[PDB]
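Here is the structure we will look at.
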Amino acid sequence: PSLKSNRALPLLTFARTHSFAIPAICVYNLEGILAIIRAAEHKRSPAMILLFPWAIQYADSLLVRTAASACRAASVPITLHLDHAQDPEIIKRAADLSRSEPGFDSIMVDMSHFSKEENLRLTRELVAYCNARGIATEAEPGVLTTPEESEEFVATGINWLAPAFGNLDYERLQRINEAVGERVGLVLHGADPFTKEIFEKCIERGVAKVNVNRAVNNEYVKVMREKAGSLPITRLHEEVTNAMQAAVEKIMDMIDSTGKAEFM
Amino acid sequence: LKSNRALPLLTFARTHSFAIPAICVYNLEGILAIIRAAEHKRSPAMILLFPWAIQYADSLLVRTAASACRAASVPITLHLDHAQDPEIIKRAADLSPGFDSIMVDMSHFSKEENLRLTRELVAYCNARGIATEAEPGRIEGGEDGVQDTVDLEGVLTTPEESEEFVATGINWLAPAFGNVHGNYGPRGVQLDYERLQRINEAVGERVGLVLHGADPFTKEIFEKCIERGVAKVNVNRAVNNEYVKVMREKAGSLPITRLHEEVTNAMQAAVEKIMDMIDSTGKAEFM
Ligand SMILES: [Zn+2]
Ligand SMILES: [Zn+2]
Numbered sequence: 022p023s024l025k026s027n028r029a030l031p032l033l034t035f036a037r038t039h040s041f042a043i044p045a046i047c048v049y050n051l052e053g054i055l056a057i058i059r060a061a062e063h064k065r066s067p068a069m070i071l072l073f074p075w076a077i078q079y080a081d082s083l084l085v086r087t088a089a090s091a092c093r094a095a096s097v098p099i100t101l102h103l104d105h106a107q108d109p110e111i112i113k114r115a116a117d118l119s120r121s122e123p124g125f126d127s128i129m130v131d132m133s134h135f136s137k138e139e140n141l142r143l144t145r146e147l148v149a150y151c152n153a154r155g156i157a158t159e160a161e162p163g164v165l166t167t168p169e170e171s172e173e174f175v176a177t178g179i180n181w182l183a184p185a186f187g188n189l190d191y192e193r194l195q196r197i198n199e200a201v202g203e204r205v206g207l208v209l210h211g212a213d214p215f216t217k218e219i220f221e222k223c224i225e226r227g228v229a230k231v232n233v234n235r236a237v238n239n240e241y242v243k244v245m246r247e248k249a250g251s252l253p254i255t256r257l258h259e260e261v262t263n264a265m266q267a268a269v270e271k272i273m274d275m276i277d278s279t280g281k282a283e284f285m
Numbered sequence: 000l001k002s003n004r005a006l007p008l009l010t011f012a013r014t015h016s017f018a019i020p021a022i023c024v025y026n027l028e029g030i031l032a033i034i035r036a037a038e039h040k041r042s043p044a045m046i047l048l049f050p051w052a053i054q055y056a057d058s059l060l061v062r063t064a065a066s067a068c069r070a071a072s073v074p075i076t077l078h079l080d081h082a083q084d085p086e087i088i089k090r091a092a093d094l095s096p097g098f099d100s101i102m103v104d105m106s107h108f109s110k111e112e113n114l115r116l117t118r119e120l121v122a123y124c125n126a127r128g129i130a131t132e133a134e135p136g137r138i139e140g141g142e143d144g145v146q147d148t149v150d151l152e153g154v155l156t157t158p159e160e161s162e163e164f165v166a167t168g169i170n171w172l173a174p175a176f177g178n179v180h181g182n183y184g185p186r187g188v189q190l191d192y193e194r195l196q197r198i199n200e201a202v203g204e205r206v207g208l209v210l211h212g213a214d215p216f217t218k219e220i221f222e223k224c225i226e227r228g229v230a231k232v233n234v235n236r237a238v239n240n241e242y243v244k245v246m247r248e249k250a251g252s253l254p255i256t257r258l259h260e261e262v263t264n265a266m267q268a269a270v271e272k273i274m275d276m277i278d279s280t281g282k283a284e285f286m
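Quick mapping for you: the protein sequence lines, in order, are chains U and P.
Each residue of the first sequence is one higher than the one before, starting from 22 at the first, in this note's numbering.
Each residue of the second sequence is one higher than the one before, starting from 0 at the first, in this note's numbering.
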């Protein structure tokens with residue numbers, strides 16, 4: 022209800038009902054933001070741009086605000102997610118950007134590194150903090166994720182859940198899905214090396230959001246390793262962005278997000 | 000223009016014998032390097048973007064930089080450097096939080112065409128709250144983001160051409176007085192300081208003077224220029240070569256996060272040295 026106008030939620034619910042997954046791309050820079058936005062507009066695909074707490078450590082609100090207004094100006098649904106936020110203070114600080122100027126649409130409240138009772142308790146409290154500001158939330162039931170553990174995390178108020186199942190244990194996956202896939206969206210982590218077939222089986226069994234980092238960002242690293250000092254700076258920027266954009270477009274085709282924005 | 004944010008900086012710098020560091024950047028690392036350097040050293044600054052920044056990222060770098068400027072605890076404004084195409088100038092000027100100032104650089108055209116286009120483009124910018132810089136001559140050379148002058152001759156600035164440009168309503172002038180964009184080569188830096196003072200004497204009280212091609216300059220050269228009216232010093236390679244060196248040596252060897260940190264630190268250190276050299280260090284206290 023405080024989430025009634027949240028832009029991030031329709032993406033996963035739509036993906037789940039239309040048997041595809043949203044590409045959720047971790048980026049560290051403006052070149053990454055551009056690559057995602059170009060890929061998505063070009064493949065008529067929805068997307069998410071994901072930032073780590075480091076983006077705020079490093080640039081205060083600047084990467085956040087820029088990514089936010091870039092996705093909102095986009096011609097396909099693109100929203101902004103804080104990935105793997107493991108400190109309560111940085112979650113609240115990120116969430117505070119929404120009491121302006123757009124900030125995050127969703128935050129992964131990742132308390133998985135805490136003891137499970139303290140994980141549960143913190144998650145609940147930070148989720149309530151983000152929801153008060155209009156912000157959707159994802160959590161990790163972090164030893165693998167049982168269907169029982171998943172239901173405990175549903176109770177905290179998360180919107181999406183990031184199960185541990187070898188990422189592979191597909192039997193474990195659909196059991197999680199049958200138990201909780203009606204109350205929360207499912208999020209796949211460690212997707213960087215996966216193939217179409219793995220993505221297909223993950224999607225059939227509930228995945229509506231696929232996190233990617235190295236598969237895209239390694240393209241940025243390859244160009245700089247190979248071309249820095251040899252290409253002018255402007256050209257390096259163009260080349261890293263093209264390389265990253267191409268990598269995002271592949272993922273969009275692998276997870277059937279290509280074309281889907283037409284119907285959203 | 001009464002409410003223009005860039006104008007006071009050069010005014011203040013001129014009356015207090017220093018220059019504003021005007022640092023060209025291509026990326027968020029450079030934007031962060033400038034804000035940090037400027038806040039650390041308590042110095043005003045300007046962030047310079049090339050037309051390439053709009054060509055490449057539409058309004059993204061412009062918006063990121065303009066916003067960083069506003070949020071800074073020292074005076075920092077945003078300048079379009081070397082805009083050499085009337086169409087791009089209007090496109091940039093239509094953006095306005097966009098640019099506080101724009102360089103209407105028509106120096107590639109004949110003198111009379113340069114004056115003609117500069118006059119009308121200044122009108123267009125002024126209508127939109129935007130201060131302007133023009134080049135009453137032709138500096139030779141190219142940089143990444145700044146076109147070559149191949150097949151064009153150098154044109155040194157006279158007081159008379161300077162006077163002609165003051166009537167266009169520009170705020171700042173970039174004189175050609177022996178400075179060169181890019182590498183000076185074996186002949187070294189050979190500036191005509193006499194020409195410069197002659198310019199300053201003729202128009203200095205009516206317009207601010209802007210130093211281009213300053214990358215390899217020393218403190219003593221800076222001091223000579225500032226004593227002759229230079230209130231804005233443009234820098235590029237001095238700063239962005241640090242990004243290149245760090246990437247050249249370390250990409251593939253450090254996490255991307257540390258890569259971004261290291262280029263920004265290295266660029267920040269290069270900016271800080273300029274600030275000291277041109278005596279802008281500490282000046283934000285009285286602004
Ligand atoms: Zn992850
Ligand atoms: Zn220049």
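Even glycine gets a Cβ: it sits at the ideal position worked out from N, Cα and C.
Give me whichever residues DSSP pairs with P:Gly177 in a beta bridge. Residue 177 of chain P sits at position 178 when you count from the first residue of the second sequence. Looking at the DSSP assignment, P:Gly177 forms no beta bridge with any residue, so it has no partner.
For P:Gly228, which residues of its own chain have a beta-carbon under 6 Å away from its beta-carbon, when the five flanking residues on both sides are left out? Translated into positions along the second sequence, residue 228 of chain P becomes position 229. Taken in chain order, the residues that qualify are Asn199, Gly203 and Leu208.
Examine ligand 2 and report whether any of its heavy atoms sits within less than 7 Å of the Cβ of P:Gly141. As a position in the second sequence, residue 141 of chain P is number 142, starting the count at 1. No, the beta carbon of P:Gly141 sits no closer than 7 Å to any heavy atom of ligand 2.
Under 7 Å from any heavy atom of ligand 1, does the C-beta of U:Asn140 make it? In the first sequence, the residue the question calls residue 140 of chain U occupies position 119. Every heavy atom of ligand 1 is 7 Å or more from the Cβ of U:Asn140, so no.
Spatial distance of U:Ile254 from P:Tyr25 (CA atoms): Here residue 254 of chain U refers to the residue found at position 233 when the first sequence is read from its first residue. Here residue 25 of chain P refers to the residue found at position 26 when the second sequence is read from its first residue. So the two alpha carbons sit approximately 7 Å from each other.
Given this structure, state the Cα-to-Cα distance separating U:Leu194 from U:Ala183, to the nearest angstrom. Against the first sequence, residue 194 of chain U aligns to sequence position 173. Against the first sequence, residue 183 of chain U aligns to sequence position 162. C-alpha separation (whole angstroms): 11 Å.
Per-residue contacts from U:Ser90 into chain P (C-beta, under 7 Å): Within the first sequence, numbered from 1, the residue matching residue 90 of chain U stands at position 69. The answer, in chain order, is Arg62.
Run through chain U and tell me which residues come within less than 7 Å of P:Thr256, C-beta to C-beta. By one-based count along the second sequence, residue 256 of chain P stands at place 257. Chain U residues near P:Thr256: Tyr49 and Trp75.
In terms of DSSP beta bridges, what is P:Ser2 paired with? If you number the second sequence from 1, residue 2 of chain P lands on position 3. Per DSSP, none; premise fails for P:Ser2.
Helix, strand or coil: which one does DSSP assign to P:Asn233? Residue mapping note: residue 233 of chain P aligns to position 234 of the second sequence, counting from 1. P:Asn233 falls in the strand class under three-state DSSP.
For P:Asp84, the nearest candidate out of P:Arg69, P:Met102 and P:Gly177 (CA to CA): Counting from 1 along the second sequence, the entry for residue 84 of chain P is found at position 85. Checking every option, the nearest Cα to that of P:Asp84 belongs to P:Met102.
Which one of U:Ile99, U:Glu110, U:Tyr191 and U:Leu30 has the shortest CA to CA distance from U:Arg65? Here residue 65 of chain U is taken as the residue at index 44 of the first sequence, counted from 1. Out of U:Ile99, U:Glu110, U:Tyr191 and U:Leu30, U:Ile99 has the C-alpha closest to the C-alpha of U:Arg65.
Which residues does DSSP list as the beta-bridge partners of U:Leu209? Translated into positions along the first sequence, residue 209 of chain U becomes position 188. DSSP lists U:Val231 as partners of U:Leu209.
Straight-line Cα distance separating U:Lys281 from U:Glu161: Looking up residue 161 of chain U in the first sequence gives position 140. Looking up residue 281 of chain U in the first sequence gives position 260. If I take the Cα positions, the gap works out to 27 Å.
Helix, strand or coil at U:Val130 [DSSP, three-state]: As a position in the first sequence, residue 130 of chain U is number 109, starting the count at 1. U:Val130: strand per DSSP, three-state reduction.
Would you kindly work out how many angstroms separate the C-alpha atoms of P:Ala64 and P:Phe285, rounded to a whole number? Looking up residue 64 of chain P in the second sequence gives position 65. Looking up residue 285 of chain P in the second sequence gives position 286. Using only the alpha carbons, I get a separation of about 24 Å.
Could you tell me which chain U residues have their CB closer than 8 Å to the CB of P:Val243, listed as they occur along the chain? Residue mapping note: residue 243 of chain P aligns to position 244 of the second sequence, counting from 1. What P:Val243 touches in chain U: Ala249, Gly250 and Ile254.
Are P:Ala71 and P:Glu38 closer than 8 Å when you measure CB to CB? Within the second sequence, the letter at position 72 stands for residue 71 of chain P. Within the second sequence, the letter at position 39 stands for residue 38 of chain P. A contact, by the Cβ cut-off of 8 Å.
Please report the straight-line C-alpha distance between P:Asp191 and P:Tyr123, rounded to a whole angstrom. For the purposes of this step, residue 191 of chain P is identified with residue 192 of the second sequence, where counting begins at 1. For the purposes of this step, residue 123 of chain P is identified with residue 124 of the second sequence, where counting begins at 1. Their backbone Cα atoms lie some 33 Å apart in a straight line.
Limits of the alpha helix (DSSP H) - the one that U:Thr262 falls within: In the first sequence, the residue the question calls residue 262 of chain U occupies position 241. Residues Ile254 to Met275.
Chain U beta carbons: is any one of them nearer than 8 Å to that of P:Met246? Residue 246 of chain P sits at position 247 when you count from the first residue of the second sequence. Closer than 8 Å: yes.
Could you name the residues whose beta carbon sits closer than 6 Å to any heavy atom belonging to ligand 1, keeping them in chain order? U:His105, U:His210 and U:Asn232
Exposed unless 16 or more other CB atoms sit within 10 angstroms - verdict on P:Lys1: Working through the second sequence from its first residue, we reach residue 1 of chain P at position 2. Per the 10 Å Cβ criterion, exposed.
Short of 7 Å in beta carbon distance, which residues of its chain neighbour U:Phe135, apart from the five on each side in sequence? Order them along the chain. Numbered from 1 along the first sequence, position 114 holds the residue referred to as residue 135 of chain U. Excluding sequence neighbours, U:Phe135 sits near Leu143.
Considering only their Cβ atoms, is the gap separating U:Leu101 from U:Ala115 smaller than 8 Å? Your numbering for residue 115 of chain U matches position 94 in the first sequence. Your numbering for residue 101 of chain U matches position 80 in the first sequence. No. Outside cutoff.
With 8 Å as the threshold, decide whether the Cβ of P:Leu116 is near any Cβ in chain U. The residue given as residue 116 of chain P occupies position 117 in the second sequence. No, P:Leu116 lies away from the interface with chain U (no Cβ there is under 8 Å from its Cβ).
Taking beta-carbon pairs under 7 Å, can you tell me which members of the stretch 55 to 66 of chain U lie near chain P? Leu55
Using 7 Å as the cut-off, classify the Cβ of P:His180 as near or not near the heavy atoms of ligand 2, replying yes or no. For this step, residue 180 of chain P is matched to residue 181 along the second sequence. Yes - ligand 2 has a heavy atom lying nearer than 7 Å to the Cβ of P:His180.
Cβ atoms of U:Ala212 and U:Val231: under 8 Å apart, would you say? Numbered from 1 along the first sequence, position 210 holds the residue referred to as residue 231 of chain U. Numbered from 1 along the first sequence, position 191 holds the residue referred to as residue 212 of chain U. Yes, Cβ-Cβ distance for U:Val231 and U:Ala212 is below 8 Å.
Do U:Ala229 and U:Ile46 have their CB atoms nearer than 8 Å? Within the first sequence, numbered from 1, the residue matching residue 229 of chain U stands at position 208. Within the first sequence, numbered from 1, the residue matching residue 46 of chain U stands at position 25. No, these two residues do not count as a Cβ contact at 8 Å.
Which same chain residues end up closer than 7 Å to P:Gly136 when comparing Cβ atoms and leaving out the 5 residues on each side of it in sequence? The count along the second sequence starts at 1 and reaches residue 136 of chain P at position 137. So the qualifying residues of the chain are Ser106, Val154, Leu155, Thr156, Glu160, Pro174 and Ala175.
Report back the beta-carbon spacing between U:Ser278 and U:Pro67 to the nearest angstrom; my notes put them in contact at under 8 Å. As a first step, residue 278 of chain U is located in the first sequence; it is residue number 257 there, counting from the start. As a first step, residue 67 of chain U is located in the first sequence; it is residue number 46 there, counting from the start. Indeed, because the Cβ distance is near 6 Å, the residues count as touching under 8 Å.
Taking 7 Å as the cut-off, is the C-beta of P:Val145 nearer than that to any heavy atom in ligand 2? As a working mapping, residue 145 of chain P is identified with position 146 in the second sequence. P:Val145 Cβ: within cutoff of ligand 2.
Please classify U:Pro214 as buried or exposed, where buried requires at least 16 other C-beta atoms within 10 Å of its C-beta. Looking up residue 214 of chain U in the first sequence gives position 193. Exposed, since its Cβ has fewer than 16 Cβ neighbours within 10 Å.
At a Cβ threshold of 8 Å, is P:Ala265 touching chain U? Within the second sequence, the letter at position 266 stands for residue 265 of chain P. Not an interface residue.
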